[PDB]
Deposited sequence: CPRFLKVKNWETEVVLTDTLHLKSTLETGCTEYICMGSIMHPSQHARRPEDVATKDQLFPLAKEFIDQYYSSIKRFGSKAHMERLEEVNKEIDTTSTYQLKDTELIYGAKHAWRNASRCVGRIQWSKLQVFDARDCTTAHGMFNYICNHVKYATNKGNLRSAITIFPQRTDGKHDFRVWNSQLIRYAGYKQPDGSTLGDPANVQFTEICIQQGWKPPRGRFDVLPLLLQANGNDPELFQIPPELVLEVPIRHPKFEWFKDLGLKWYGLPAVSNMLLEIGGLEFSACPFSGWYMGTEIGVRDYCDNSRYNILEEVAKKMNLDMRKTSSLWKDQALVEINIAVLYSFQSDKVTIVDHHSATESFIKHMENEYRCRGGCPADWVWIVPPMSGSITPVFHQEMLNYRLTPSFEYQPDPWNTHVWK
């Protein structure tokens, strides 16, 4: 593998040099003869063996002591020996609080698909490894929601529940995000609410949830502790900050009855640190406007509102070459940013966010020797080429600590 790789920005001519790729530890899915860079995702009994765990832990511990400028120190060699004994006697080990915080921040720093990583070192880490029950998980999650929401001055945070042991005692949040809206398939084939969440909604209903059957119903939490069957909990509604969507010019936009929640909090990913696996680790930041205004609202398989907005805008919808879809899409994203800013709920537009990411990427190249980035995900879903990331070459590779995908828990759970 070549030692220095160059990436160029075709708009500014800036050339950056990447050496950090030499530290990559996992597979991308690509080969020498095929590129899988647009593939979205390129056994539960199996946990890391002693022999697998030793090198992964040393690699992380080494990285941690190098970061605090104590590599090779007495404290470094003693921590190595203590970890090695734990793995020897118990087949696993426990991270120190300092290492847990370092690992979580670096999984975010390493998340190649995240345009928001300029913030990676300002992450509030909540240590929930003492949790034993689903009620306890509910408590930790409510506190997380309240802290991160901060009455609209959102603060990035992660809550980390106990790590995997034998694979039969996993902690899991069954929700894909802490706050999402229910979706309901009707007998006639139409959908009320968010079509993305129909399957999960049906699971909640089977578990006993009584659905209000509206368009914007906050879903309950479905929480699994220690491998037990999951349990339902209603998030207290005063903890769910929401924004009604209105438009600065179009007085009729409010009459569409749209709203969205303030806190994006992904809850179905796995955090890997030093070979340890944290299967329940909900983390939250704040929104980029297009996540709501382009994807959530205008995806055909989501709320799919382009049609109705175009009608109320009295656009010619007969020919595609009028660009009526594009024109309505901009107005919708204007409304989303206006409504969040008016209510003083943190949000970032796609111009500001991508401009910050370029500055972040350049700094990471300077101080760290690189910045893994997934162009397919970094470039926003509208107006791609009038953001600076479109013209920026990126290298994608997988560093650890990392956030990973994991199978949906209803597909693997053994019901008690």
In deposited-sequence numbering, the unmodelled segments run 43-47
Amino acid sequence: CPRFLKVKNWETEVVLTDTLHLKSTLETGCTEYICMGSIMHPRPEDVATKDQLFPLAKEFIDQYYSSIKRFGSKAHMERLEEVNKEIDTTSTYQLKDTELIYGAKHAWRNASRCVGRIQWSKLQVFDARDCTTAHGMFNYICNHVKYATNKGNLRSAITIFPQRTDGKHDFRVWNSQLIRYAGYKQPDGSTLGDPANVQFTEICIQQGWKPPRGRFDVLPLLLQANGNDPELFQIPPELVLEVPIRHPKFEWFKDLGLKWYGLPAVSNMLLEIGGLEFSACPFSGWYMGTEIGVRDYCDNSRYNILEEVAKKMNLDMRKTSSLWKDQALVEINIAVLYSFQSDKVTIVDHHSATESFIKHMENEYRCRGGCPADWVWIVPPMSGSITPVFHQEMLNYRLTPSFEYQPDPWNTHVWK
From here on, numbers count along this sequence of modelled residues.
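Think of the rigid core as the biggest set of C-alphas that the two forms share within 1.5 Å after superposition.
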Could you tell me which of the two stretches, 292-300 or 146-154, has its Cα atoms lying farther from the shown structure in 8 other deposited structures of this protein after fitting on the rigid core?
292-300
Between 258-266 and 302-310, the one drifting more in C-alpha RMS in 8 other deposited structures of this protein once the core is aligned is 302-310
Indicate yes or no: is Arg43 absent from the model in at least a third of the other PDB entries of this protein that were compared?
yes
Ranked by mean Cα B-factor in the entry, 146-154 and 74-82, top stretch is 74-82
Mind pulling up the entry and telling me whether 337-345 or 98-106 has the higher mean Cα temperature factor?
337-345
Looking only at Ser352, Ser38, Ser385, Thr49, the Cα with the top B-factor belongs to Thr49
Among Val218, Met269, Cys114, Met317, which residue carries the highest C-alpha B-factor recorded in the PDB entry?
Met317
Name the third of the chain's ranked CA B-factors that contains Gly167, choosing lowest, middle or highest.
highest
Looking at the entry's B-factor column for C-alpha atoms only, identify whether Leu241 ranks in the lowest, middle or highest third of its chain.
middle
Third assignment of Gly370 from its chain's C-alpha B-factors
middle
Chain third (lowest, middle, highest) by recorded CA B-factor, residue given as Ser176:
lowest
Chain-wide C-alpha B factor ranking for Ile68, given as lowest, middle or highest third
middle
